[PDB]
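J.: Take a look at this one; I'll ask things after.
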Amino acid sequence: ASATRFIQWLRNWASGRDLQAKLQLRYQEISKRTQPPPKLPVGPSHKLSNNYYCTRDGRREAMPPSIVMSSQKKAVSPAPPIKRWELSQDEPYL
Amino acid sequence: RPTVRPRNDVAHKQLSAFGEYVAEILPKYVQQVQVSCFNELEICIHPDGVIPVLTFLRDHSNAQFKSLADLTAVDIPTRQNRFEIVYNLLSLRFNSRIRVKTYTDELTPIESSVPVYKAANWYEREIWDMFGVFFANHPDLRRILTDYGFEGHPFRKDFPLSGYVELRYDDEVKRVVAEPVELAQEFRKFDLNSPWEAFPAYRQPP
Amino acid sequence: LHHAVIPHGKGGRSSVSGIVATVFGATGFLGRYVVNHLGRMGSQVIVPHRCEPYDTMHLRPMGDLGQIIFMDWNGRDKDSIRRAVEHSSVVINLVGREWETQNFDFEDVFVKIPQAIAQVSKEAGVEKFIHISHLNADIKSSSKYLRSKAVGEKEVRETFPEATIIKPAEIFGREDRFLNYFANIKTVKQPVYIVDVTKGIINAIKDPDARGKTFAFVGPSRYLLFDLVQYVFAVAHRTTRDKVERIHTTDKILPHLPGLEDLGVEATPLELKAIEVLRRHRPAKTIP
Amino acid sequence: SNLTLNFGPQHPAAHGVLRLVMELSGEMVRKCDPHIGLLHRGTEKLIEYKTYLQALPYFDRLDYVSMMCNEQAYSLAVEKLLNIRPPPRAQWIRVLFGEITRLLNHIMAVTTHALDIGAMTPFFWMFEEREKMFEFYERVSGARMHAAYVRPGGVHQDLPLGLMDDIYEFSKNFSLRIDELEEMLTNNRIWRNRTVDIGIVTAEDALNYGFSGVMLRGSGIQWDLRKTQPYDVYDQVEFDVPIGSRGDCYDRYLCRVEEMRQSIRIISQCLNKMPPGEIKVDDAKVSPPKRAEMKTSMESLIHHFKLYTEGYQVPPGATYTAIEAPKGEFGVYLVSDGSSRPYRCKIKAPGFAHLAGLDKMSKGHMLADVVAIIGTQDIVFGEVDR
Amino acid sequence: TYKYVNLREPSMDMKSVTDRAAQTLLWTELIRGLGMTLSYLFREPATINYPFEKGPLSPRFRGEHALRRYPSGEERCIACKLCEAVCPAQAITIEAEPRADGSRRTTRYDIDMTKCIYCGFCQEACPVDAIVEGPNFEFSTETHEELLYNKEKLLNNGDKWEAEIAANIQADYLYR
Amino acid sequence: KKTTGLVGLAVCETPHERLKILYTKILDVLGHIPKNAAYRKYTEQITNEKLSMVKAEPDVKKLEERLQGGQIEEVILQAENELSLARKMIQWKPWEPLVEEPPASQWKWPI
Amino acid sequence: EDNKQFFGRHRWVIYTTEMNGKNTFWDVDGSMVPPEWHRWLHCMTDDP
Amino acid sequence: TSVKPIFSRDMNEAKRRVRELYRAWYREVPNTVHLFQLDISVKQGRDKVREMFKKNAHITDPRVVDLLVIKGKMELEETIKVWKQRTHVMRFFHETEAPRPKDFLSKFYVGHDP
Amino acid sequence: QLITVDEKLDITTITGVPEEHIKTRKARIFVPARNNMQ
Amino acid sequence: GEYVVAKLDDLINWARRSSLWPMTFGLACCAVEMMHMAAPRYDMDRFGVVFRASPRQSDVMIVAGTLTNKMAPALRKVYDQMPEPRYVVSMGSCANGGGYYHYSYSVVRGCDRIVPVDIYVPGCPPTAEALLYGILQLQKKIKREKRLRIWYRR
Amino acid sequence: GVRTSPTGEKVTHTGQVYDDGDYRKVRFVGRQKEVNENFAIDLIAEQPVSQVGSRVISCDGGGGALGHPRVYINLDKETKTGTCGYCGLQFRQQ
Amino acid sequence: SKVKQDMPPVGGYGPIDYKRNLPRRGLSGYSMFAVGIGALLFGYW
Ligand SMILES: NC(=O)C1=CN([C@@H]2O[C@H](COP(=O)(O)OP(=O)(O)OC[C@H]3O[C@@H](n4cnc5c(N)ncnc54)[C@H](OP(=O)(O)O)[C@@H]3O)[C@@H](O)[C@H]2O)C=CC1
Ligand code: SF4
Ligand code: SF4
Ligand code: SF4
Ligand SMILES: [Zn+2]
C-alpha cells in the first residue's frame, strides 16, 4: 500500500496490470478478529410433537440387496446413453 | 424427509433389467445378481468366468465398461474360499458402474485380467502382496507395497496389526536390523459391539 | 530383588533386563559396544560423560525411550561420581587413554580415577563392579601405560574386593587402534575381538561366579607380530613411544586365570573378522 | 545402461519418495520400473480397528494436498450406507471447501511441476495464496491442513462469522495471480519445449490404463464426475470442463490452470447461494448433538456418550463411492458388516493407476522428460502407497 | 459444458506470420516474462518477522493439550474415558479410582504427544470441557521422552494457559 | 471433420461404408452361435437396429444423433469391439449351463 | 501495533532483555509471550 | 479332492521346479557375497540356502510347493537385481538376536513362555 | 483340467508366521458368554 | 588460554548456526508444511537456511513424514553420508514416534530408532511456524556448544 | 498439599513417589520431578457449603453450557451435605 | 434473539473475475523489425 507513486507506475508497467487494485497483501478489508456471538439455527427435527423417530429413521429404511438372479425381449443397457455435452457459451475457446 | 436419503427407483429398475440381461447372456459363469438399496449392481460369478465376463462387459455394445475403476480383494476367513475378488468397472457411454465379484482360496490361482484392462497390472500385484492371491499369466507378479523380504500377507484377517518384526539401527553391525516386535504400549483392544440388535431388516434366521 | 528390577519381557528393546548399569568411559571404543549390548535387552544405562553432548549422540538410539540417561561428570570430582552410581546395581569402568595429556597422565586415568570410582561405588552400596585392566599389566613394563595398569589393578581390588577385573589383550574391531593402527603405518600377540570382550563383560554381570575374580580375555590364536602386520597389509590390499612399547610387548600367558570360555563366550578368530575392520582401508600362521 | 533416480529433489518437495529404476540407451528411456511402498503405512488395515468416525482422519493423510476432498469422498460413502442425507447448508459448505481444496491442489501440482523443471519463482508467489487458504481451513477446523472437518452427516462446525467475507476478498484477486503464473509459463518457449508433445497418451489407452481426471480430459475425453455423477450440490453450480486436444503435458497443464479459474467461478456461486440452517444431519444416532443439549437433555447425553465410544452402527453392505478429486477419480470401496467399525476399506487413489502408466507414457523420451511426466501426473505417494 | 484449452488455428497471413517470426527472433515473450519478475522485485514482500511477528490464528486452533479446572480449583475431569475411547491414535491412557473424599478422579492421565494426531476429538468428546487443545504450538523439545505427557504436566499446562484457553472457549462455544 | 477430438482416434473418410461392412461381418459371425443363445439374439437385435439407421441416414451429423454413440468414429470403434467379442464368445461358449455352483455360504453377507 | 502495515506485520512484540533470570538480549523465542498477550499477538482476538 | 493346479500337476513335476530353483540360488550365492560385500563366506551363504530349503522338505501338496517356488523365485529376483540392500540379505542370519533358550530349564528360568 | 490332491490342507509354510507362533500357541474356539451386566 | 578458547567457540558456533543448510526428507504430509516455511511468509532463507542443499553439503537433516521399514535403510545411508557437524530434526508425530501409524506392521515407531535426533517438533503436522520455532531452537542448541572448551581441558 | 518423602522427593496429588530403593528416581538427577502444586482435593474443600431452601437443588457447575451436565441433588438427609458428582460443590437445606 | 450465522450480504457479493486476462502489448511484427533494422543502420552509419 505504501509504495511511492513512481514505484507504482514502474511495477504496473512492467507487469502490464493495475496491481494496486488487487494487492496480494491484506490490509483493513479483512474481517475483524473479534466477532459478535453467533445464534445458530436448529435442524428440522427440533420439534415438540409430530416428531417420532420411527418416521425419520434413515438407517432402518435400508434393506438388504434385491436378488435379481440366484443359482440357488428387447436388449437393455445399464442406463440410457449419455447425452453429448454442449460447448460453453461463456468462452468456448481459450 | 430432510434427514433420509431419497430413493431412486428408476435407476434401481434400470440396473435390475441390465442385471438379468448379463445373467441371460453368461449363464455359464453367473451365479448371482443383486442390486443394493442404494442402486449398485453386483454380478457374482464363478472364477473361471473372469476373462469372458470382463471381456463381455468391456466390449459389448450395450455395456462398454471401458474403465476399470478398482480391483481389490476382501478376506473372509469363515468362508471355504476366504478371498473375494472385486472388480469395480465404469461405463462412460452409459454413465453407469457395475461390480463383478468372484472368489478363491490360498492355493487356487485366478486368471490375470491384464489382457482385458491394462489397469489391472498393479492392482493384481497389490492383491498378491497384501492377500497372497496368485494371478496366473501375470506379466510381472511380485510385491509392490511391502518391504523386500517381507513374510506374510498383511491384509489377511489373521495377520497381526503390528506384524511380527520391527526394524532399528544397530551400531555393532552398522546396519538396520529386523527383530521380533515388542511394544512399549500394547495396542488396547476395545469391545465396542452393543449386545442389542441394531438392524432388524438384516436379521439372519436362527 | 526390588520389584522394579525383576526381569520382564523377552530380552528385547522394550523388555526389562533388571540391570541398572553406570558405564564410565562409555563414549569410547569399548563403551559403545557395552552400551549397545545393555540397551539391546532393555537395561537402564547411566552414561556419565566428560565430552560435549554432540559426541554422545551415537549412543541415543541404543536404548528404548528413557533407558539411556546421560550425566555430566569429572574424574577428579567425587560428588559427580556419587550422583552417577547412586542408583546403579553394577558399575563398569572403561575409562582410559592411549596417550598422556597436559591435564591427565597415565596415573590419573589408570590409578586415581579407577580408585575414586571404586571407592565411591562401595560407599554407595553398589553390588557389582567391573574394571578393565590389561593382559600385559606389570609393574616392570617398559611402558608407563602398562605400569599404571598394574598399580590401578591392585588398588581396585583393595578398594572393592568383590570387583570383577577383566584383562583383555589388544582388541580389534571397526573402531580399534590395533588393526587400524597397522593399516595406517620376536613379539607374539593374541588379539581378541571387540564383540567377544563385550559379551564377556555382559556375562560377568549376569554371572554370580564372576564376583571377586580376575579374567584374561584373549583371542584363539597367537601370531608373531611380523606375520600379523603382513596379513593386515594383504587384507588391506596395500603414535607415541609408549604405544610402540606396548605393541612390542609379548602377550602374557596366564593359564591360572579364567578366560572367555569360563564366561560362555567363544573367542572369534581374527581371520573371520579381519576383512570387516580393514575393508575400508582398500592368512597369518599361528604359534601352536 | 541401468540408472536409479533420486528419492526427491534437493529443494523442499512434498510428493513423497520414489525409487525409479530405469533402462537407458544413450539419451533415450527404454524402460521405467517405479518401486513404491516407501510410504506404505497400512492405512487400510488400521481402519479396520477404528470406528467410522475414528477412521475419518486417515483420509486427510492420503492425498494430503486435497484433505477436505478426501474427507468428502469417505463421508459420502458412509452417508450412502447409513441411508441418511446431510443438510443443504453442509452440502454447500462441502462444495465451497471442495473447490478451495482444488485450488490448493492445483497450485501445488502446477508450481512444483514448474519448480522441478527449473522454474522456481511461481512456486513462491502462489504458495502465499496457499498460505491464505490454509487460514480458511484453520478458521473452520482449527487446523491448517488435516482439518477432519467434513464428516458423515455434514460438517463438524458452522462457519465462523466473517469467514465468507474473507473468502470473497481472497477470491476477488486470485484470477490475477493465475494470470501472473500464465505470463511466466503459458507462452514461454522454454516451458513449451519441456511440455509440448511430451507424455502423449491416446484417448483409448487412457481409458484402458485406468486413468481419470485431467489424465483423461487432456486427451479429449469429455468426462467429469461433478457433471456426469454429481454429488452434494454440484448440480446447482455452473462451470465448464476444460478439454485438451493433444493429450500431452502442455495440454494437461492448460487444463489444470483453467480448472483453477472454474474453481473460482464455482466458489463465487457458493458464496452467494449459501443457505441458512443446521450444518449436520439432525439425527442424533448419527451426528452428535450440540454441546448445550448434551449438557441438559438425558437423551442427548446418552447419544453423545455412545457416538464417541461405540460410534454409530452402519447397516451391512458394500459401496463403491467416487468423487472428482483434484487428482482424478478418488473412491472408496467400503464394506460394512453391521457394526460400528468398517469390515474393509479399499481406497482407490487416482495416482495409483496414473503412476502404473509411467512406463507406457515415457517410451521414446529422454531422461529429463521423465521428470516432466511424473509432474504432469501429479503424484503424491500418500495416496499411491496408502 | 466444456471448453477447449488448446484448439486454435494460427493465421497464415503475412502480417501474422511476421508477428510470429518477430517473437521467435526478438524473444518478445521471454522479455515479457522478465517484466513480471521485475515487477515483483518492487513489490512489498509477504515475509513476516518471526518470532517478533506471528502468523494469525483463530480461537479454534488445535495446539498443545491441557487439563482444566472449575473456578473453585477442582479438576473438571471425572475419568469418564470418553476421550480415551474416541482417540483415533490411542494416544490417551487413563486410570482412575475413588479419591480420598469419594470423588471420581484419575490417577493416571497420559497423552503420548508423538502418537497424537492433534485432531481435537478428545475435546469434542469430553462432556465437561476438561481436556482441551490449547493455543500453544511452540513446545518442541530436545528429547523424545519430554513429549510423553503425564497428568502433572497436563495440569500444569492447564494452570499455565487457562487465561487464554478460557477466552478462546468463550469465543467459540456457541458454534459447538 | 478436421478432428474427432479424441487423441489417437483418426477421422474416417467413409463412415457409412465402414459401418455397413462391420455390421454385416458381425451378423455373419453371430450365425455360428446357437440360435437359442441369448448373446446371438440380443447382439443381432441391436446390430440390425444400427445397420438400419446407417442405411436410412446419409447425413453423418444426423446419423450420429440417431445412434447416440458419440462421434461416428466412436461408433466404428465400438463395432470393431463387438466383432472381436463375438469371435471370442464362440470359443468361450458362455451360453452353456453354469460351470459349477458356489459353496453354500459363499455369497452370504454379513457372516 | 501499526494498522497501516499489512495483516501479519501489524502487531509485534519487542522481547524483554531479561526474563525469569535469563539474559534474553540476544536469545529470544516465541514461548516468552505470556498467555494473555499470546491471544492478541496471534490475532485470535482484537482486544489486548 | 479335485483342484485347479498352479504349475505342477503332481509332486514329481513340482520337485523338478524345486531343484531348478535350488540350482539358481546355489550359483547366485558367490555373486551375492561379492555384490553386497557381505562379511559371511560363500559356504555360510550356501548353508543358509540349504537350511531354508530343508525346512519345507516335508510338504506333500504340489500346489503348496508351487507357491514356495514362486516365492523363492521372487526372492532370488530381488537379490540378483539388487532391489534388496545389504540389510535385507543379512536378515536371513539374525546376527543381533541373542540365542533363545531351547531346553525346559532354560525357558523356565527366563519367563513363562513354553 | 483339474488335478487330484488327497493331502490334508496345510498352509503353515506359506503364511509367513514364525514357528514359535504356530507350534506353541493354543487357539480357543468358543461362543463368547453374554456380558452378565446386560 | 580460556578466554581465547571461549571466543573461538563463539565464532565457530555463530558461523554454524548462521549457515544451516538443510537436507529435507520430504516423506509425507509434514513436507508440505516444510514447503510453507520456505514460502514467502516465513522465508527460512532469510535466517541463512538455504532452500536447495545437496545431502553432502548439508548440516541438518529434517525428517518430515512417516518413516517406513522399506525406507529406513535409505534414510540411514543419507545420514551416514552427511559430513559433520550434522544434526537431525524430527518433524511431526510420525517421525517423532510413529504417530497415527504407530501400530502399523510397516512403520518405524519414531525415526530416533534409526538416527540420533536433536530436536523433536510436535504436531500432525506442526505448523510452518512451529517448525521454524524448532529450527530456531536448534540454532540456540548450537550456540551452547563448547567444543573447544572441552578440547582445551582434555 | 504437596509433601516431601523422607528422601526429599515430593508426593503427587495421586500419592505417587518412588520409594527408597527404587532406581527409577535416577531420571530426576540433574533435572526435576514435575508436580502440580494446586491439589484439587484441597481446593474444593475450601468452598463453603451453599444454603438452599428446597429439598432438591440442581448444579451445572456454573457458566451455563460451559459447565457440566446439569444434575439434581437430593438434600433430605440432615447428617451430610449434598455433593455434586461432577464439580464437588456442596449444598445443604436450611 | 434472531438467528445469526455466517451468510452472504443482502444482494450478494460483487462480481469475481475468473477468465484469463493476458493483455496484448508491444508493436506489430513489421514495426519491431523496422525498429531493429533502423537501429542497425544508424549504428553502421
Ligand atoms: N582397546 C584396547 O585394545 C584395550 C583397551 N583396554 C581398556 O579398555 C578401556 C577402554 O578401551 P577404549 O574404549 O578402547 O578406550 P577409548 O580411549 O576408546 O575410550 C576411552 C574412554 O575413557 C574416557 N576418558 C579418557 N580419559 C578420561 C579422563 N581423563 N576423564 C574422563 N573420562 C576419560 C573417554 O571419554 P572421552 O570420549 O570424553 O575422552 C572414553 O569414553 C580402557 O580402560 C582401556 O585401557 C584394555 C586392554 C586393551
Ligand atoms: S487430539 Fe486426537 S489424537 Fe490427539 S489425544 Fe486428542 S483425540 Fe487423541
Ligand atoms: S478428560 Fe473429559 S472425556 Fe477424558 S476422561 Fe476426563 S472427563 Fe472424560
Ligand atoms: S505427522 Fe501428521 S502431517 Fe506429518 S506425515 Fe504424519 S500424518 Fe502427515
Ligand atoms: Zn456441579
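Labels used: A, B, ... for chains in the order of the C-alpha cells, numbers from 1 for residues in each chain, and numbers from 1 for ligands as shown.
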Excluding segment 5-13 of chain B and any residue of its chain fewer than 2 positions from it, enumerate the residues within 6 Å of it, using only C-alpha atoms, and give them as a PyMOL selection string.

T.: (chain B and resi 15-16+39) or (chain D and resi 83-85)

J.: Using only C-alpha atoms, which protein or nucleic acid residues come within 7 Å of residue 146 of chain J? Drop anything in the same chain fewer than 3 positions from it, and give the result as a PyMOL selection string.

T.: (chain C and resi 52) or (chain J and resi 9+149-150)

J.: Residues of chain A within 6 Å of chain L: nearest atom pair and distance (Å, one decimal) for each, counting only C-alpha atoms, sorted by chain and number, as JSON lines?

T.:
{"residue": "A:38", "atom": "CA", "partner": "L:4", "partner_atom": "CA", "distance": 5.2}
{"residue": "A:39", "atom": "CA", "partner": "L:4", "partner_atom": "CA", "distance": 4.6}
{"residue": "A:40", "atom": "CA", "partner": "L:3", "partner_atom": "CA", "distance": 5.7}
{"residue": "A:41", "atom": "CA", "partner": "L:3", "partner_atom": "CA", "distance": 5.8}

J.: Selected residues, C-alpha atoms, written as a short mmCIF file (atom, residue, chain, number, x, y, z; two decimals), in the first residue's frame, please.

T.:
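Written file, part37.cif:
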data_model
loop_
_atom_site.label_atom_id
_atom_site.label_comp_id
_atom_site.auth_asym_id
_atom_site.auth_seq_id
_atom_site.Cartn_x
_atom_site.Cartn_y
_atom_site.Cartn_z
CA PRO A 38 -23.49 -16.31 16.73
CA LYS A 39 -27.02 -17.59 17.27
CA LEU A 40 -27.16 -20.73 15.19
CA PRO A 41 -30.40 -22.27 13.90
#

J.: Leaving out residue 20 of chain I and any residue of its chain fewer than 3 positions from it, which residues lie within 12 Å of it when counting only C-alpha atoms, given as a ChimeraX atom specification?

T.: /B:164,180 /H:100,102,113-114 /I:12,16-17,23-26

J.: Restricting it to C-alpha atoms, dump the selection as a PDB file, in the first residue's frame.

T.:
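Final output, saved to again_0.pdb:
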ATOM      1  CA  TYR B 164       5.911 -59.984  13.644  1.00  0.00           C
ATOM      2  CA  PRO B 180      10.760 -59.698  16.818  1.00  0.00           C
TER       3      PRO B 180
ATOM      4  CA  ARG H 100      16.818 -68.099  22.745  1.00  0.00           C
ATOM      5  CA  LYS H 102      15.702 -74.338  23.957  1.00  0.00           C
ATOM      6  CA  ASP H 113       6.675 -68.809  27.560  1.00  0.00           C
ATOM      7  CA  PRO H 114       6.693 -72.504  26.531  1.00  0.00           C
TER       8      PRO H 114
ATOM      9  CA  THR I  12       1.755 -73.156   7.621  1.00  0.00           C
ATOM     10  CA  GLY I  16       4.861 -66.239   6.938  1.00  0.00           C
ATOM     11  CA  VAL I  17       4.079 -66.853  10.625  1.00  0.00           C
ATOM     12  CA  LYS I  23       3.583 -74.604  17.379  1.00  0.00           C
ATOM     13  CA  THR I  24       3.415 -73.159  20.915  1.00  0.00           C
ATOM     14  CA  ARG I  25       0.092 -71.299  20.654  1.00  0.00           C
ATOM     15  CA  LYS I  26      -3.237 -72.691  21.837  1.00  0.00           C
TER      16      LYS I  26
END

J.: Name all residues at most 6 Å from segment 96-99 of chain B (count only C-alpha atoms; drop same-chain ones fewer than 6 positions away) and give them as a list in words.

T.: residues 41, 42, 87, 88, 89 and 90 of chain B

J.: Go ahead and dump the residues you just picked, C-alpha atoms, as a PDB file, in the first residue's frame.

T.:
ATOM      1  CA  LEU B  41     -25.343 -53.696  -9.366  1.00  0.00           C
ATOM      2  CA  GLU B  42     -23.168 -56.684  -8.447  1.00  0.00           C
ATOM      3  CA  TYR B  87     -13.830 -55.583  -9.875  1.00  0.00           C
ATOM      4  CA  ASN B  88     -15.373 -52.102  -9.977  1.00  0.00           C
ATOM      5  CA  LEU B  89     -15.966 -51.083 -13.597  1.00  0.00           C
ATOM      6  CA  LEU B  90     -17.226 -47.858 -15.135  1.00  0.00           C
TER       7      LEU B  90
END

J.: Could you tell me, counting only C-alpha atoms and all ligand atoms, which protein and nucleic acid residues lie no more than 6 Å from ligand 1, written as a PyMOL selection string?

T.: chain C and resi 25-31+50-51+75+94-97+104+109+132-134+168-171

J.: Could those selected residues go to a file with N, CA and C atoms, as a PDB file, in the first residue's frame?

T.:
ATOM      1  N   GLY C  25      33.370 -44.143  30.897  1.00  0.00           N
ATOM      2  CA  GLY C  25      34.096 -44.406  29.672  1.00  0.00           C
ATOM      3  C   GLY C  25      33.235 -44.948  28.559  1.00  0.00           C
ATOM      4  N   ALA C  26      31.943 -44.624  28.562  1.00  0.00           N
ATOM      5  CA  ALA C  26      31.003 -45.197  27.611  1.00  0.00           C
ATOM      6  C   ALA C  26      31.127 -44.605  26.218  1.00  0.00           C
ATOM      7  N   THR C  27      31.744 -43.439  26.080  1.00  0.00           N
ATOM      8  CA  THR C  27      31.829 -42.751  24.802  1.00  0.00           C
ATOM      9  C   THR C  27      33.024 -43.194  23.970  1.00  0.00           C
ATOM     10  N   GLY C  28      33.701 -44.272  24.362  1.00  0.00           N
ATOM     11  CA  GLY C  28      34.877 -44.741  23.669  1.00  0.00           C
ATOM     12  C   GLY C  28      34.613 -45.955  22.797  1.00  0.00           C
ATOM     13  N   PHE C  29      35.709 -46.593  22.389  1.00  0.00           N
ATOM     14  CA  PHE C  29      35.627 -47.758  21.515  1.00  0.00           C
ATOM     15  C   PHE C  29      34.894 -48.908  22.194  1.00  0.00           C
ATOM     16  N   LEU C  30      35.322 -49.277  23.399  1.00  0.00           N
ATOM     17  CA  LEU C  30      34.696 -50.395  24.091  1.00  0.00           C
ATOM     18  C   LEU C  30      33.316 -50.018  24.615  1.00  0.00           C
ATOM     19  N   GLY C  31      33.148 -48.772  25.053  1.00  0.00           N
ATOM     20  CA  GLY C  31      31.899 -48.367  25.668  1.00  0.00           C
ATOM     21  C   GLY C  31      30.707 -48.431  24.737  1.00  0.00           C
ATOM     22  N   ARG C  50      32.283 -36.834  29.909  1.00  0.00           N
ATOM     23  CA  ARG C  50      33.097 -35.636  30.005  1.00  0.00           C
ATOM     24  C   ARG C  50      33.005 -34.777  28.752  1.00  0.00           C
ATOM     25  N   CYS C  51      32.609 -35.366  27.630  1.00  0.00           N
ATOM     26  CA  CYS C  51      32.657 -34.728  26.329  1.00  0.00           C
ATOM     27  C   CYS C  51      31.409 -33.884  26.078  1.00  0.00           C
ATOM     28  N   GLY C  75      36.469 -36.488  36.412  1.00  0.00           N
ATOM     29  CA  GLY C  75      37.259 -37.551  37.010  1.00  0.00           C
ATOM     30  C   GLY C  75      37.692 -37.234  38.427  1.00  0.00           C
ATOM     31  N   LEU C  94      35.321 -48.213  32.057  1.00  0.00           N
ATOM     32  CA  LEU C  94      36.058 -48.324  30.807  1.00  0.00           C
ATOM     33  C   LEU C  94      36.911 -47.092  30.540  1.00  0.00           C
ATOM     34  N   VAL C  95      37.199 -46.302  31.573  1.00  0.00           N
ATOM     35  CA  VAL C  95      37.965 -45.080  31.387  1.00  0.00           C
ATOM     36  C   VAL C  95      39.408 -45.428  31.065  1.00  0.00           C
ATOM     37  N   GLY C  96      39.973 -44.727  30.095  1.00  0.00           N
ATOM     38  CA  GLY C  96      41.360 -44.937  29.735  1.00  0.00           C
ATOM     39  C   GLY C  96      41.722 -44.063  28.562  1.00  0.00           C
ATOM     40  N   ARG C  97      43.024 -43.966  28.325  1.00  0.00           N
ATOM     41  CA  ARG C  97      43.551 -43.192  27.214  1.00  0.00           C
ATOM     42  C   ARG C  97      44.871 -43.811  26.793  1.00  0.00           C
ATOM     43  N   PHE C 104      45.871 -34.813  32.211  1.00  0.00           N
ATOM     44  CA  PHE C 104      45.661 -36.171  32.696  1.00  0.00           C
ATOM     45  C   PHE C 104      46.809 -37.052  32.233  1.00  0.00           C
ATOM     46  N   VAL C 109      44.432 -41.587  34.820  1.00  0.00           N
ATOM     47  CA  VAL C 109      43.335 -42.303  34.180  1.00  0.00           C
ATOM     48  C   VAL C 109      43.309 -43.768  34.586  1.00  0.00           C
ATOM     49  N   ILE C 132      38.203 -52.813  33.799  1.00  0.00           N
ATOM     50  CA  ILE C 132      39.001 -53.274  32.671  1.00  0.00           C
ATOM     51  C   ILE C 132      40.446 -52.882  32.926  1.00  0.00           C
ATOM     52  N   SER C 133      41.320 -53.873  32.993  1.00  0.00           N
ATOM     53  CA  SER C 133      42.753 -53.661  33.167  1.00  0.00           C
ATOM     54  C   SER C 133      43.447 -53.967  31.838  1.00  0.00           C
ATOM     55  N   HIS C 134      44.507 -54.762  31.813  1.00  0.00           N
ATOM     56  CA  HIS C 134      45.171 -55.117  30.572  1.00  0.00           C
ATOM     57  C   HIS C 134      45.931 -56.408  30.810  1.00  0.00           C
ATOM     58  N   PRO C 168      41.936 -57.811  29.056  1.00  0.00           N
ATOM     59  CA  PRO C 168      41.924 -58.207  27.648  1.00  0.00           C
ATOM     60  C   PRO C 168      43.262 -57.970  26.977  1.00  0.00           C
ATOM     61  N   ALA C 169      43.540 -58.795  25.974  1.00  0.00           N
ATOM     62  CA  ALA C 169      44.606 -58.489  25.039  1.00  0.00           C
ATOM     63  C   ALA C 169      44.191 -57.294  24.187  1.00  0.00           C
ATOM     64  N   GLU C 170      45.082 -56.856  23.303  1.00  0.00           N
ATOM     65  CA  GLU C 170      44.712 -55.800  22.376  1.00  0.00           C
ATOM     66  C   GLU C 170      43.467 -56.209  21.602  1.00  0.00           C
ATOM     67  N   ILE C 171      42.518 -55.284  21.509  1.00  0.00           N
ATOM     68  CA  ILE C 171      41.197 -55.547  20.957  1.00  0.00           C
ATOM     69  C   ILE C 171      41.165 -55.034  19.529  1.00  0.00           C
TER      70      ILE C 171
END

J.: Could the residues that lie within 6 Å of ligand 2, counting only C-alpha atoms and all ligand atoms, be listed as a PyMOL selection string?

T.: chain E and resi 87-89+91-92+116-122

J.: Could you list the protein, DNA and RNA residues that have any atom within 6 Å of ligand 5, counting only C-alpha atoms and all ligand atoms, and write them as a list in words?

T.: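 Checking only C-alpha atoms and all ligand atoms against ligand 5 at 6 Å gives residues 59, 60, 61, 84, 86, 87 and 89 of chain K.
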
J.: Next, dump the selected residues to file, keeping only N, CA and C atoms, as a compact mmCIF listing (two decimals), in the first residue's frame.

T.:
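Dumped to out13.txt:
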# COMPACT_ATOMS: atom_id res chain seq x y z
N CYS K 59 -27.29 -28.50 40.01
CA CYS K 59 -25.99 -27.91 39.74
C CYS K 59 -25.58 -28.23 38.32
N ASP K 60 -25.05 -27.23 37.62
CA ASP K 60 -24.45 -27.45 36.31
C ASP K 60 -23.01 -26.96 36.28
N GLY K 61 -22.41 -26.73 37.45
CA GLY K 61 -21.04 -26.31 37.55
C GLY K 61 -20.80 -24.84 37.32
N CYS K 84 -22.21 -32.37 44.62
CA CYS K 84 -22.31 -32.54 43.18
C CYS K 84 -21.31 -33.59 42.72
N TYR K 86 -20.13 -34.04 39.83
CA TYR K 86 -19.24 -33.55 38.79
C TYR K 86 -18.19 -32.58 39.32
N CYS K 87 -18.61 -31.56 40.06
CA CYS K 87 -17.72 -30.49 40.47
C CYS K 87 -17.45 -30.44 41.97
N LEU K 89 -19.18 -29.31 44.49
CA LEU K 89 -19.82 -28.29 45.31
C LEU K 89 -20.85 -28.92 46.23

J.: Please find the residues contacting ligand 3 at a distance of at most 10 Å between atoms, with only C-alpha atoms and all ligand atoms counted, and report them as a PyMOL selection string.

T.: (chain D and resi 305+308) or (chain E and resi 66-68+75-87+92-96+104-106+109+121-132) or (chain K and resi 68+86)

J.: Considering only C-alpha atoms, extract the chain F residues located within 8 Å of chain A and return them as a PyMOL selection string.

T.: chain F and resi 42+45-46+68-70+101

J.: Could those selected residues go to a file with N, CA and C atoms, as an mmCIF file, in the first residue's frame?

T.:
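Wrote selection-v6.cif, looks like this:
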data_model
loop_
_atom_site.group_PDB
_atom_site.id
_atom_site.type_symbol
_atom_site.label_atom_id
_atom_site.label_comp_id
_atom_site.auth_asym_id
_atom_site.auth_seq_id
_atom_site.Cartn_x
_atom_site.Cartn_y
_atom_site.Cartn_z
ATOM 1 N N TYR F 42 -29.684 -61.068 -28.738
ATOM 2 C CA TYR F 42 -29.573 -59.664 -28.370
ATOM 3 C C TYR F 42 -28.633 -58.917 -29.306
ATOM 4 N N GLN F 45 -30.195 -58.217 -32.579
ATOM 5 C CA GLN F 45 -31.237 -57.204 -32.492
ATOM 6 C C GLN F 45 -30.643 -55.801 -32.540
ATOM 7 N N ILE F 46 -29.642 -55.529 -31.704
ATOM 8 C CA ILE F 46 -29.058 -54.192 -31.675
ATOM 9 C C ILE F 46 -28.245 -53.934 -32.936
ATOM 10 N N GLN F 68 -26.407 -42.286 -31.159
ATOM 11 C CA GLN F 68 -26.142 -41.908 -29.770
ATOM 12 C C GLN F 68 -24.926 -42.643 -29.211
ATOM 13 N N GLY F 69 -23.894 -42.798 -30.031
ATOM 14 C CA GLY F 69 -22.677 -43.450 -29.596
ATOM 15 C C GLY F 69 -21.462 -42.559 -29.722
ATOM 16 N N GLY F 70 -21.645 -41.259 -29.518
ATOM 17 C CA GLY F 70 -20.550 -40.325 -29.691
ATOM 18 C C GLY F 70 -20.337 -39.974 -31.155
ATOM 19 N N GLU F 101 -21.638 -74.649 -9.068
ATOM 20 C CA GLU F 101 -22.283 -73.838 -8.052
ATOM 21 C C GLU F 101 -21.279 -73.432 -6.976
#

J.: Between atom CA of residue 9 of chain F and atom CA of residue 330 of chain D, measure the distance and give it in Å to one decimal.

T.: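 For atom CA of residue 9 of chain F relative to atom CA of residue 330 of chain D, the distance reads 27.3 Å.
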
J.: As an exercise, work out the distance from atom CA of residue 90 of chain K to atom CA of residue 99 of chain E in Å and give it to one decimal place.

T.: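 Atom-to-atom, atom CA of residue 90 of chain K and atom CA of residue 99 of chain E are spaced 16.2 Å apart.
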